[PDB]
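**Q** What follows is final27.pdb, PDB, C-alpha atoms and all ligand atoms.
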```pdb
ATOM      1  CA  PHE A   1       0.843 -32.827   4.350
ATOM      2  CA  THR A   2      -1.374 -35.917   4.724
ATOM      3  CA  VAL A   3      -2.940 -36.990   1.383
ATOM      4  CA  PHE A   4      -6.222 -38.943   1.289
ATOM      5  CA  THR A   5      -6.652 -40.592  -2.162
ATOM      6  CA  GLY A   6      -9.882 -42.246  -3.300
ATOM      7  CA  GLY A   7      -8.732 -44.932  -5.701
ATOM      8  CA  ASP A   8      -8.041 -48.602  -6.323
ATOM      9  CA  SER A   9      -5.580 -49.231  -3.538
ATOM     10  CA  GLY A  10      -4.797 -48.341   0.050
ATOM     11  CA  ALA A  11      -5.015 -49.497   3.628
ATOM     12  CA  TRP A  12      -8.834 -48.938   3.724
ATOM     13  CA  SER A  13     -11.653 -50.125   1.537
ATOM     14  CA  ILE A  14     -14.470 -47.685   1.138
ATOM     15  CA  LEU A  15     -17.807 -48.941   2.520
ATOM     16  CA  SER A  16     -19.744 -45.888   1.392
ATOM     17  CA  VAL A  17     -19.665 -42.315   0.188
ATOM     18  CA  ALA A  18     -22.822 -40.286   0.888
ATOM     19  CA  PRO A  19     -23.757 -36.590   0.425
ATOM     20  CA  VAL A  20     -24.342 -34.451   3.504
ATOM     21  CA  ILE A  21     -24.428 -30.840   2.389
ATOM     22  CA  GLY A  22     -23.403 -29.415  -0.959
ATOM     23  CA  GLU A  23     -21.495 -31.410  -3.545
ATOM     24  CA  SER A  24     -20.481 -34.978  -2.708
ATOM     25  CA  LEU A  25     -17.530 -36.960  -4.043
ATOM     26  CA  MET A  26     -17.193 -39.598  -6.712
ATOM     27  CA  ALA A  27     -17.317 -43.302  -5.788
ATOM     28  CA  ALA A  28     -14.053 -45.193  -5.230
ATOM     29  CA  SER A  29     -13.207 -48.635  -3.826
ATOM     30  CA  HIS A  30     -10.251 -47.784  -1.567
ATOM     31  CA  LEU A  31      -8.689 -45.038   0.454
ATOM     32  CA  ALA A  32      -4.921 -44.541   0.617
ATOM     33  CA  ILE A  33      -3.367 -42.252   3.224
ATOM     34  CA  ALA A  34       0.207 -41.009   2.983
ATOM     35  CA  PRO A  35       2.569 -38.175   3.921
ATOM     36  CA  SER A  36       3.772 -35.877   1.171
ATOM     37  CA  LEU A  37       5.882 -32.742   0.920
ATOM     38  CA  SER A  38       3.861 -31.211  -1.929
ATOM     39  CA  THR A  39      -8.169 -40.543  -9.804
ATOM     40  CA  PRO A  40     -11.738 -40.292  -8.429
ATOM     41  CA  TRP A  41     -10.630 -37.699  -5.896
ATOM     42  CA  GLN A  42      -7.690 -36.645  -3.771
ATOM     43  CA  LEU A  43      -7.711 -34.470  -0.674
ATOM     44  CA  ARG A  44      -4.908 -32.960   1.430
ATOM     45  CA  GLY A  45      -4.605 -31.479   4.882
ATOM     46  CA  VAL A  46      -2.209 -30.709   7.700
ATOM     47  CA  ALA A  47      -2.292 -31.776  11.332
ATOM     48  CA  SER A  48      -1.747 -28.522  13.188
ATOM     49  CA  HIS A  49      -1.673 -26.655  16.532
ATOM     50  CA  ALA A  50      -4.763 -26.032  18.714
ATOM     51  CA  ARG A  51      -7.117 -23.253  17.561
ATOM     52  CA  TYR A  52      -9.695 -23.507  20.385
ATOM     53  CA  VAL A  53      -8.548 -26.007  23.019
ATOM     54  CA  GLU A  54      -7.663 -24.580  26.386
ATOM     55  CA  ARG A  55      -5.283 -26.206  28.853
ATOM     56  CA  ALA A  56      -7.950 -27.747  31.100
ATOM     57  CA  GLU A  57      -9.656 -29.202  28.020
ATOM     58  CA  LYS A  58      -6.366 -30.602  26.732
ATOM     59  CA  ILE A  59      -5.846 -32.295  30.082
ATOM     60  CA  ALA A  60      -9.365 -33.800  29.975
ATOM     61  CA  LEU A  61      -8.879 -35.006  26.389
ATOM     62  CA  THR A  62      -5.461 -36.601  26.761
ATOM     63  CA  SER A  63      -6.715 -38.529  29.794
ATOM     64  CA  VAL A  64      -9.405 -40.427  27.854
ATOM     65  CA  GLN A  65      -8.579 -40.254  24.121
ATOM     66  CA  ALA A  66      -7.031 -43.141  22.186
ATOM     67  CA  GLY A  67      -4.586 -43.118  19.278
ATOM     68  CA  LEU A  68      -4.840 -44.152  15.640
ATOM     69  CA  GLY A  69      -3.888 -47.661  14.560
ATOM     70  CA  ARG A  70      -5.594 -49.707  17.304
ATOM     71  CA  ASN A  71      -5.745 -53.345  16.299
ATOM     72  CA  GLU A  72      -9.477 -53.541  17.087
ATOM     73  CA  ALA A  73     -10.342 -50.216  15.435
ATOM     74  CA  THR A  74     -11.121 -51.752  12.034
ATOM     75  CA  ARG A  75     -13.710 -49.195  10.934
ATOM     76  CA  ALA A  76     -13.154 -45.570  10.127
ATOM     77  CA  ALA A  77     -14.727 -42.401   8.778
ATOM     78  CA  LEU A  78     -13.402 -39.533   6.735
ATOM     79  CA  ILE A  79     -15.592 -36.404   6.868
ATOM     80  CA  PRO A  80     -14.387 -33.426   4.753
ATOM     81  CA  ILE A  81     -15.950 -30.144   5.919
ATOM     82  CA  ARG A  82     -16.090 -26.557   4.686
ATOM     83  CA  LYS A  83     -17.403 -23.698   6.793
ATOM     84  CA  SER A  84     -18.957 -20.505   5.352
ATOM     85  CA  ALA A  85     -17.465 -17.092   4.747
ATOM     86  CA  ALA A  86     -19.689 -15.885   7.598
ATOM     87  CA  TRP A  87     -17.823 -18.307   9.920
ATOM     88  CA  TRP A  88     -14.363 -17.172   8.886
ATOM     89  CA  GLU A  89     -15.233 -13.467   9.135
ATOM     90  CA  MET A  90     -16.092 -13.801  12.847
ATOM     91  CA  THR A  91     -13.458 -12.963  15.488
ATOM     92  CA  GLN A  92     -11.661 -15.550  17.600
ATOM     93  CA  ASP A  93     -13.806 -14.977  20.707
ATOM     94  CA  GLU A  94     -17.012 -15.319  18.683
ATOM     95  CA  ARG A  95     -15.911 -18.574  17.025
ATOM     96  CA  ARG A  96     -14.795 -20.045  20.396
ATOM     97  CA  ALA A  97     -18.176 -19.186  21.962
ATOM     98  CA  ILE A  98     -20.170 -20.935  19.221
ATOM     99  CA  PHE A  99     -17.752 -23.896  19.072
ATOM    100  CA  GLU A 100     -17.742 -24.609  22.790
ATOM    101  CA  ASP A 101     -20.076 -22.413  24.888
ATOM    102  CA  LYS A 102     -23.092 -22.868  22.598
ATOM    103  CA  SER A 103     -22.263 -26.114  20.729
ATOM    104  CA  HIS A 104     -20.232 -27.785  23.510
ATOM    105  CA  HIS A 105     -18.188 -29.506  20.792
ATOM    106  CA  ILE A 106     -15.643 -30.676  23.303
ATOM    107  CA  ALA A 107     -17.677 -31.176  26.459
ATOM    108  CA  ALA A 108     -20.454 -33.113  24.767
ATOM    109  CA  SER A 109     -18.049 -35.326  22.798
ATOM    110  CA  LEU A 110     -15.887 -36.469  25.720
ATOM    111  CA  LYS A 111     -18.235 -39.370  26.502
ATOM    112  CA  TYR A 112     -17.445 -40.959  23.128
ATOM    113  CA  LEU A 113     -13.804 -41.514  24.047
ATOM    114  CA  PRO A 114     -11.960 -43.734  24.129
ATOM    115  CA  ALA A 115     -14.289 -45.619  21.753
ATOM    116  CA  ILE A 116     -13.770 -43.081  18.933
ATOM    117  CA  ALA A 117     -10.184 -42.041  18.096
ATOM    118  CA  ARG A 118      -9.751 -38.918  15.961
ATOM    119  CA  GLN A 119      -7.345 -36.794  13.984
ATOM    120  CA  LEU A 120      -8.031 -33.343  12.545
ATOM    121  CA  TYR A 121      -6.351 -32.011   9.396
ATOM    122  CA  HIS A 122      -6.507 -28.350   8.283
ATOM    123  CA  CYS A 123      -6.617 -27.340   4.623
ATOM    124  CA  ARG A 124      -8.301 -23.986   4.163
ATOM    125  CA  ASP A 125      -4.936 -22.243   4.148
ATOM    126  CA  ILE A 126      -3.570 -24.475   1.358
ATOM    127  CA  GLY A 127      -6.434 -23.802  -1.045
ATOM    128  CA  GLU A 128      -8.346 -27.058  -0.715
ATOM    129  CA  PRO A 129     -12.099 -27.195  -1.481
ATOM    130  CA  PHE A 130     -12.664 -28.187   2.165
ATOM    131  CA  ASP A 131     -11.490 -26.489   5.342
ATOM    132  CA  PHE A 132     -10.956 -29.603   7.425
ATOM    133  CA  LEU A 133     -10.457 -33.313   6.922
ATOM    134  CA  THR A 134     -11.784 -35.148   9.958
ATOM    135  CA  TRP A 135     -10.588 -38.712  10.458
ATOM    136  CA  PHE A 136     -12.042 -41.213  12.931
ATOM    137  CA  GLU A 137     -11.290 -44.846  13.790
ATOM    138  CA  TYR A 138     -13.356 -47.257  15.886
ATOM    139  CA  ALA A 139     -14.274 -50.903  16.444
ATOM    140  CA  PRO A 140     -17.192 -52.185  14.343
ATOM    141  CA  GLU A 141     -19.333 -52.405  17.507
ATOM    142  CA  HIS A 142     -19.018 -48.655  18.099
ATOM    143  CA  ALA A 143     -20.213 -47.625  14.649
ATOM    144  CA  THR A 144     -23.737 -46.832  15.898
ATOM    145  CA  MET A 145     -22.275 -44.687  18.671
ATOM    146  CA  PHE A 146     -20.201 -42.979  15.985
ATOM    147  CA  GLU A 147     -23.170 -42.188  13.742
ATOM    148  CA  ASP A 148     -24.957 -40.956  16.892
ATOM    149  CA  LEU A 149     -22.142 -38.574  17.813
ATOM    150  CA  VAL A 150     -22.138 -37.294  14.237
ATOM    151  CA  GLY A 151     -25.888 -36.647  14.279
ATOM    152  CA  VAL A 152     -25.541 -34.849  17.583
ATOM    153  CA  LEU A 153     -22.846 -32.477  16.283
ATOM    154  CA  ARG A 154     -24.743 -31.894  13.072
ATOM    155  CA  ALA A 155     -27.621 -30.490  15.197
ATOM    156  CA  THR A 156     -25.427 -27.787  16.791
ATOM    157  CA  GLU A 157     -25.198 -24.053  16.133
ATOM    158  CA  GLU A 158     -21.605 -24.691  15.053
ATOM    159  CA  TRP A 159     -22.931 -26.862  12.231
ATOM    160  CA  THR A 160     -25.246 -24.162  10.853
ATOM    161  CA  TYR A 161     -22.033 -22.704   9.439
ATOM    162  CA  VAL A 162     -21.083 -25.863   7.465
ATOM    163  CA  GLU A 163     -21.695 -25.376   3.746
ATOM    164  CA  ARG A 164     -20.098 -28.506   2.344
ATOM    165  CA  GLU A 165     -19.720 -31.908   3.981
ATOM    166  CA  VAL A 166     -19.362 -35.453   2.727
ATOM    167  CA  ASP A 167     -19.752 -38.752   4.539
ATOM    168  CA  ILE A 168     -17.050 -41.349   3.726
ATOM    169  CA  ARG A 169     -17.016 -44.639   5.658
ATOM    170  CA  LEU A 170     -14.211 -47.223   5.656
ATOM    171  CA  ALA A 171     -13.305 -50.772   6.655
ATOM    172  CA  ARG A 172      -9.704 -51.814   7.243
ATOM    173  CA  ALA A 173      -8.345 -53.729   4.251
TER
HETATM  174  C1  LIG B 201     -14.945 -38.141  18.679
HETATM  175  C2  LIG B 201     -15.137 -37.124  19.522
HETATM  176  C3  LIG B 201     -14.635 -35.714  19.135
HETATM  177  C4  LIG B 201     -13.889 -34.966  19.935
HETATM  178  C5  LIG B 201     -13.365 -35.408  21.325
HETATM  179  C6  LIG B 201     -13.631 -33.731  19.238
HETATM  180  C7  LIG B 201     -12.834 -32.775  19.768
HETATM  181  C8  LIG B 201     -12.429 -31.717  19.056
HETATM  182  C9  LIG B 201     -11.514 -30.679  19.525
HETATM  183  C10 LIG B 201     -10.823 -30.562  20.933
HETATM  184  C11 LIG B 201     -11.403 -29.801  18.509
HETATM  185  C12 LIG B 201     -10.624 -28.479  18.425
HETATM  186  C13 LIG B 201      -9.158 -28.637  18.046
HETATM  187  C14 LIG B 201      -8.537 -27.265  18.213
HETATM  188  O1  LIG B 201      -8.402 -26.737  19.363
HETATM  189  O2  LIG B 201      -8.201 -26.688  17.161
HETATM  190  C15 LIG B 201     -12.220 -30.273  17.401
HETATM  191  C16 LIG B 201     -12.294 -29.592  16.234
HETATM  192  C17 LIG B 201     -13.082 -30.003  15.186
HETATM  193  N1  LIG B 201     -13.856 -31.125  15.162
HETATM  194 FE1  LIG B 201     -14.259 -32.388  16.529
HETATM  195  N2  LIG B 201     -14.263 -33.740  17.995
HETATM  196  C18 LIG B 201     -14.909 -34.972  17.919
HETATM  197  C19 LIG B 201     -15.704 -35.464  16.908
HETATM  198  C20 LIG B 201     -15.907 -34.812  15.753
HETATM  199  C21 LIG B 201     -16.698 -35.241  14.599
HETATM  200  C22 LIG B 201     -17.463 -36.582  14.499
HETATM  201  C23 LIG B 201     -16.550 -34.302  13.666
HETATM  202  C24 LIG B 201     -17.158 -34.188  12.257
HETATM  203  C25 LIG B 201     -18.326 -34.790  11.993
HETATM  204  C26 LIG B 201     -15.710 -33.262  14.230
HETATM  205  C27 LIG B 201     -15.371 -32.144  13.558
HETATM  206  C28 LIG B 201     -14.505 -31.191  13.916
HETATM  207  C29 LIG B 201     -14.178 -30.061  13.080
HETATM  208  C30 LIG B 201     -14.654 -29.683  11.639
HETATM  209  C31 LIG B 201     -13.200 -29.277  13.944
HETATM  210  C32 LIG B 201     -12.501 -27.956  13.595
HETATM  211  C33 LIG B 201     -13.384 -26.843  14.179
HETATM  212  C34 LIG B 201     -12.856 -25.500  13.724
HETATM  213  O3  LIG B 201     -11.649 -25.243  13.937
HETATM  214  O4  LIG B 201     -13.637 -24.689  13.153
HETATM  215  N3  LIG B 201     -15.327 -33.601  15.499
HETATM  216  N4  LIG B 201     -12.848 -31.485  17.738
END
```
Give the structure from this file in structure tokens form.
**A**
Amino acid sequence: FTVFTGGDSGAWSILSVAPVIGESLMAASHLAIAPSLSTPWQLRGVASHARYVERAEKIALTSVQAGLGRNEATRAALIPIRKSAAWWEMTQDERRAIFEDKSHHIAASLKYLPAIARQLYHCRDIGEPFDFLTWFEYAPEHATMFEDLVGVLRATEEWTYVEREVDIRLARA
């Protein structure tokens, strides 16, 4: 379990919290991130195994992607997301087709690496009010590229299934 806590301390100060769809989150000054085996808000998720990635895609990703904790990557984003019942009712082949064949989530995002490093956390199965916690780190000079990527994905068929989403932006403290 990785716990994201909006509060008065932590490795990240919070630049901004803005609504995207559905209910937003309360303001806080800092974000702490920490492992755990079990305040304005607190959110938890789990880094997990691949649900959609195929081998050729994994190869393509690992060849360009960067890791967390880069000295220059002093800006970050946390985007909590919940998809609709209609999404979760669909079968695996139908979700994969929307995710990649129609939305090209992977193929269209590859150009943004290595600039944008990412980590995905899953939390539907632990009863959290979101389904995913998406975490991104980048240099200040790539922030406009980052907001551009985000706007691109938010225009996709995949995103028509998002029913709650919040925009949190951070600066390394
Ligand atoms: C920076 C470039 C990005 C790349 C290379 C990328 C790549 C991926 C990959 C390969 C997966 C699937 C993991 C799996 O097989 O389970 C994924 C899942 C996901 N990504 Fe992205 N992503 C990027 C940016 C973003 C952004 C900016 C967001 C949110 C605004 C986002 C939201 C998500 C979500 C919610 C999932 C889970 C999809 C699901 O399982 O229903 N990604 N991403």
**Q** I'd like to know which of A:41, A:12, A:88, A:52 is closest to residue 74 (chain A), using all atoms listed in the file.
**A** A:12
**Q** If I put a ball of radius 10 Å at (-10.1, -30.7, 10.4) in the file's coordinates, which residues poke into it when counting all atoms listed in the file, written as a list in words?
**A** residues 45, 46, 47, 48, 79, 80, 81, 82, 118, 119, 120, 121, 122, 123, 124, 130, 131, 132, 133, 134 and 135 of chain A
**Q** Take the point (-16.1, -39.9, 3.0) in the file's coordinates, draw a sphere of radius 6 Å around it, and report as an mmCIF file with C-alpha atoms, keeping the file's coordinate frame every protein, DNA or RNA residue with an atom inside or on it, counting all atoms listed in the file.
**A**
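point_30.cif written:
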```
data_model
loop_
_atom_site.group_PDB
_atom_site.id
_atom_site.type_symbol
_atom_site.label_atom_id
_atom_site.label_comp_id
_atom_site.auth_asym_id
_atom_site.auth_seq_id
_atom_site.Cartn_x
_atom_site.Cartn_y
_atom_site.Cartn_z
ATOM 1 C CA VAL A 17 -19.665 -42.315 0.188
ATOM 2 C CA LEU A 78 -13.402 -39.533 6.735
ATOM 3 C CA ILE A 79 -15.592 -36.404 6.868
ATOM 4 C CA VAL A 166 -19.362 -35.453 2.727
ATOM 5 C CA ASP A 167 -19.752 -38.752 4.539
ATOM 6 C CA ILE A 168 -17.050 -41.349 3.726
ATOM 7 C CA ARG A 169 -17.016 -44.639 5.658
#
```
**Q** Please determine an axis-aligned box that encloses all atoms of ligand LIG 201 (chain B) listed in the file, with 3 Å added on each side, and express its centre and edge lengths in Å to one decimal as lines of an AutoDock Vina configuration file.
**A**
```
center_x = -13.3
center_y = -31.4
center_z = 16.5
size_x = 16.1
size_y = 19.5
size_z = 15.7
```
**Q** Show me, as a ChimeraX atom specification, the residues that have an atom within 10 Å of residue 108 (chain A) when counting only C-alpha atoms, minus same-chain residues fewer than 6 positions from it.
**A** /A:100,149,152-153
**Q** How would the residues just chosen look if you wrote them out with C-alpha atoms as a short mmCIF file (atom, residue, chain, number, x, y, z; two decimals), in the coordinates of the input?
**A**
```cif
data_model
loop_
_atom_site.label_atom_id
_atom_site.label_comp_id
_atom_site.auth_asym_id
_atom_site.auth_seq_id
_atom_site.Cartn_x
_atom_site.Cartn_y
_atom_site.Cartn_z
CA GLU A 100 -17.74 -24.61 22.79
CA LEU A 149 -22.14 -38.57 17.81
CA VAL A 152 -25.54 -34.85 17.58
CA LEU A 153 -22.85 -32.48 16.28
#
```
**Q** Contacts of residue 158 (chain A) at 12 Å or less, counting only C-alpha atoms, minus same-chain residues fewer than 6 places along, as a ChimeraX atom specification?
**A** /A:82-84,86-87,94-106,152
**Q** Point out the residue among A:69, A:140, A:10, A:129 with the least atom-to-atom distance to residue 22 (chain A), counting only C-alpha atoms.
**A**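 Of A:69, A:140, A:10, A:129, the one nearest residue 22 (chain A) is A:129, counting only C-alpha atoms.
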**Q** How far is it from CA of residue 89 (chain A) to CA of residue 157 (chain A), in Å with one decimal?
**A** 16.1 Å
**Q** Can you turn the PyMOL selection byres (((chain A and resi 37) around 7) and not hetatm) into a concrete residue list for this file, as a ChimeraX atom specification?
**A** /A:1,36,38
**Q** Return the single residue from A:14, A:116, A:68, A:143 that is closest to ligand LIG 201 (chain B), with distances computed using only C-alpha atoms and all ligand atoms.
**A** A:116
**Q** Using only C-alpha atoms, which of A:50, A:20, A:34, A:60 sits nearest residue 164 (chain A)?
**A**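 Of A:50, A:20, A:34, A:60, the one nearest residue 164 (chain A), counting only C-alpha atoms, is A:20.
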**Q** From the options A:145, A:3, A:66, A:150, which residue's atoms come nearest to ligand LIG 201 (chain B), counting only C-alpha atoms and all ligand atoms?
**A** A:150
**Q** In Å, how far is it from CA of residue 15 (chain A) to atom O1 of ligand LIG 201 (chain B)?
**A** 29.4 Å
**Q** Smallest atom-to-atom distance to ligand LIG 201 (chain B): which of A:162, A:18, A:28, A:85, using all atoms listed in the file?
**A**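 That would be A:162, the residue with the smallest distance to ligand LIG 201 (chain B).
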**Q** Could you check how far CA of residue 72 (chain A) sits from atom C2 of ligand LIG 201 (chain B), in Å to one decimal?
**A**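 Result for CA of residue 72 (chain A) versus atom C2 of ligand LIG 201 (chain B): 17.5 Å, one decimal.
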**Q** Once the PyMOL selection byres (((chain A and resi 4-8) around 8) and not hetatm) is applied to the coordinates I shared, what remains selected? I want it as a VMD selection string.
**A** chain A and resid 2 to 3 9 to 10 27 to 34 39 to 44
**Q** Restore N, CA, C and O atoms in region 88-101 of chain A and list the result as an mmCIF file, keeping the file's coordinate frame.
**A**
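Below is the file that was written, selection-v5.cif:
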```
data_model
loop_
_atom_site.group_PDB
_atom_site.id
_atom_site.type_symbol
_atom_site.label_atom_id
_atom_site.label_comp_id
_atom_site.auth_asym_id
_atom_site.auth_seq_id
_atom_site.Cartn_x
_atom_site.Cartn_y
_atom_site.Cartn_z
ATOM 1 N N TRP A 88 -15.753 -17.594 8.889
ATOM 2 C CA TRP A 88 -14.363 -17.172 8.886
ATOM 3 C C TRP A 88 -14.218 -15.677 9.164
ATOM 4 O O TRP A 88 -13.192 -15.245 9.693
ATOM 5 N N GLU A 89 -15.255 -14.897 8.854
ATOM 6 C CA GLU A 89 -15.233 -13.467 9.135
ATOM 7 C C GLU A 89 -15.330 -13.171 10.633
ATOM 8 O O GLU A 89 -14.818 -12.177 11.090
ATOM 9 N N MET A 90 -15.993 -14.022 11.401
ATOM 10 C CA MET A 90 -16.092 -13.801 12.847
ATOM 11 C C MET A 90 -14.733 -13.771 13.563
ATOM 12 O O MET A 90 -13.763 -14.398 13.119
ATOM 13 N N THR A 91 -14.680 -13.059 14.688
ATOM 14 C CA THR A 91 -13.458 -12.963 15.488
ATOM 15 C C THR A 91 -13.229 -14.230 16.321
ATOM 16 O O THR A 91 -14.088 -15.107 16.404
ATOM 17 N N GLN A 92 -12.056 -14.325 16.924
ATOM 18 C CA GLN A 92 -11.661 -15.550 17.600
ATOM 19 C C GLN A 92 -12.585 -15.832 18.776
ATOM 20 O O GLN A 92 -12.974 -16.988 18.990
ATOM 21 N N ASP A 93 -12.941 -14.794 19.529
ATOM 22 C CA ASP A 93 -13.806 -14.977 20.707
ATOM 23 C C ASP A 93 -15.203 -15.432 20.319
ATOM 24 O O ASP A 93 -15.814 -16.234 21.027
ATOM 25 N N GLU A 94 -15.694 -14.941 19.186
ATOM 26 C CA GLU A 94 -17.012 -15.319 18.683
ATOM 27 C C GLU A 94 -17.045 -16.764 18.154
ATOM 28 O O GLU A 94 -18.032 -17.481 18.325
ATOM 29 N N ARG A 95 -15.975 -17.192 17.501
ATOM 30 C CA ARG A 95 -15.911 -18.574 17.025
ATOM 31 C C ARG A 95 -15.780 -19.550 18.217
ATOM 32 O O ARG A 95 -16.472 -20.572 18.260
ATOM 33 N N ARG A 96 -14.953 -19.207 19.206
ATOM 34 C CA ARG A 96 -14.795 -20.045 20.396
ATOM 35 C C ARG A 96 -16.119 -20.219 21.151
ATOM 36 O O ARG A 96 -16.427 -21.308 21.631
ATOM 37 N N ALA A 97 -16.900 -19.145 21.251
ATOM 38 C CA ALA A 97 -18.176 -19.186 21.962
ATOM 39 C C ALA A 97 -19.194 -20.132 21.294
ATOM 40 O O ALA A 97 -19.843 -20.937 21.958
ATOM 41 N N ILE A 98 -19.348 -20.009 19.982
ATOM 42 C CA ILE A 98 -20.170 -20.935 19.221
ATOM 43 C C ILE A 98 -19.660 -22.374 19.331
ATOM 44 O O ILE A 98 -20.432 -23.280 19.639
ATOM 45 N N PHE A 99 -18.362 -22.568 19.088
ATOM 46 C CA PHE A 99 -17.752 -23.896 19.072
ATOM 47 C C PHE A 99 -17.957 -24.602 20.401
ATOM 48 O O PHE A 99 -18.419 -25.733 20.435
ATOM 49 N N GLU A 100 -17.619 -23.948 21.504
ATOM 50 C CA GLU A 100 -17.742 -24.609 22.790
ATOM 51 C C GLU A 100 -18.951 -24.133 23.636
ATOM 52 O O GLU A 100 -19.784 -24.944 24.045
ATOM 53 N N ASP A 101 -19.066 -22.838 23.913
ATOM 54 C CA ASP A 101 -20.076 -22.413 24.888
ATOM 55 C C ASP A 101 -21.502 -22.711 24.423
ATOM 56 O O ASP A 101 -22.325 -23.108 25.219
#
```
